[PDB]
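The data below hold one chain only, encoded as structure tokens and taken in the form deposited in one PDB entry.
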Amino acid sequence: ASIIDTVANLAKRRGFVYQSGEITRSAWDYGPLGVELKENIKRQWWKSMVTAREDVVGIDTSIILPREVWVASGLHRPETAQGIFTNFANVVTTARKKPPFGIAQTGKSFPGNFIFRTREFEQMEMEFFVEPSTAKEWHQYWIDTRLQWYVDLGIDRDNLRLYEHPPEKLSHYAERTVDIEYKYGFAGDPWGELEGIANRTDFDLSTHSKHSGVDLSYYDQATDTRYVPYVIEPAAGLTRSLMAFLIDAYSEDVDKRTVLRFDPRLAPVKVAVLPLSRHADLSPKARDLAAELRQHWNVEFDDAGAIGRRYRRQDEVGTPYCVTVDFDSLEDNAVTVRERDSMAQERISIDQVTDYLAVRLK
């Protein structure tokens, strides 16, 4: 069985995903784990792009926009970029930004290969407006940065690549386009697109200024000049990003153990509290610690079955850490922290546990 089918079956079994209305079929709902993973991915993207950057701001435009907007690109989005292009001047005005600077957005746009190609999906797109003569430079920068982003979130570099669009497959408005591709594992060609980084020149603002009559050019006072900025567009797939991170984290460990090697910042469940048994003495302290940890992270409490099977489930979903409360805990007031990948166990005082986990959960 292909890796893709295996990962999809695992996702369905552990509630990462459910067939949308099990009772299109390419429409998928995200179960608890799936929702948490998707949100973690979105938050990391937003933090790397918006909150961490002085030159990039955020925006959230309506799915249903005026019909003339898409005539330019009582009847009434296939992408999230046109809202950004239309609110360019509004952002320049309120946020007090000048090129080079970015406007970032995430949102839903409207088959097979599991969730690779779905009718309803979510995109994470940024429009970086720059003075034309720097576009190329900036383009490379982003091409690099975006790529490393995935690596920085745990994707094996060897499963990522850059595909340069040849002049024939380049759009008339696109001067250069470099797509990040991931080795999903499809039949035939196993590589697929994940995020497209395009140099759209000044086509978008020019077109919207012509069709709207509003001058969307920027005026640089430093030089007393006026120009239509060039646009660098990193457009990443949220559904495809989740698919890629999930696929890459999958691993089978002589003994065999299934484990999702999620980067901590992306795991749906950060910590699992596991009383050695259902004993009346262990469970209360365990639930107390679990409540303390829920004050910070999404936690799971499981007192069911042997400790080994519970460890197996928590690794199967990629939980970074497990906290075991044994009978010695009732005496020394310490718990056993088990790190997912290495399975290394270390006994630490309960009143420090949180900090011990914080540093490690990034």
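Under this definition, the rigid core comprises the largest set of C-alpha atoms superposing within 1.5 Å between the forms. Only residues modelled in both forms are compared. Numbering starts at 1 and runs along the sequence shown.
Another form, the form deposited in another entry, is not on view; read the next lines as being about it.
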Of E193, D202, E175, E292, which one has a Cα that moves 2 Å or more between the shown form and the other one once the core is lined up?
-> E175
Taking the rigid core as the superposition reference, indicate whether the CA of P166 shifts 2 angstroms or more between the shown form and the other one.
-> yes
Runs in sequence order between the shown form and the other one, three or more residues long, with CA shifts of 2 Å or more on the rigid core | 24-26, 166-176
